[PDB]
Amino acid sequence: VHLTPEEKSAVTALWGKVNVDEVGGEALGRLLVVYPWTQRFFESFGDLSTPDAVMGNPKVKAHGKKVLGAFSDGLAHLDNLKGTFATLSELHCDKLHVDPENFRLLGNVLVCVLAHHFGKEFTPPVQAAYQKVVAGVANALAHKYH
């Protein structure tokens, strides 16, 4: 995906502020709570019977950290998301068979989490830049379906 330098600026500046130990687990937790069919892929995590259980679940936080690590890696290589996410695509597409619409969902949940965390700092242009980014990551993760 081609971000403008203004878009790249919006994304990069915000991201430096992100708590990489927490936001991933918050986004994943919310995905599992808001789109409960996603819990299908994480039955090993244990208690997901309530929102509190999910958000407080240590496995959710731990796996979310890895997920955010992948996003960070995409952010570092915006001009080659396809190469970056090759292996993860193979995993989510060929092995896990996750429907790609769910990539788009997690991306939008991440956006919600950024909005929640940054509030007014997460302006409509900053959002628009992040939408380009999560679309690009979703598309790359889905490449093994193309």
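In this text, residue numbers run from 1 along the sequence as written. In this text, rigid core is short for the largest set of C-alphas that superpose within 1.5 Å between two forms.
Superposing each structure in 5 other deposited structures of this protein on the rigid core shows that the farther-lying of 79-87 and 94-102, by root-mean-square Cα distance, is 94-102. The segment moving more, judged by mean Cα distance from this form in 5 other deposited structures of this protein after a core overlay, is 2-10 among 2-10 and 136-144. When the C-alpha B-factors of 90-98 and 109-117 are averaged, 90-98 comes out higher. Between 30-38 and 80-88, it is 80-88 that carries the larger average Cα temperature factor according to the deposited entry. Ranked by C-alpha B-factor against the other modelled residues of its chain, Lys61 falls in the highest third. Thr12: CA B factor in the middle third of modelled residues in this chain (values from the PDB entry).
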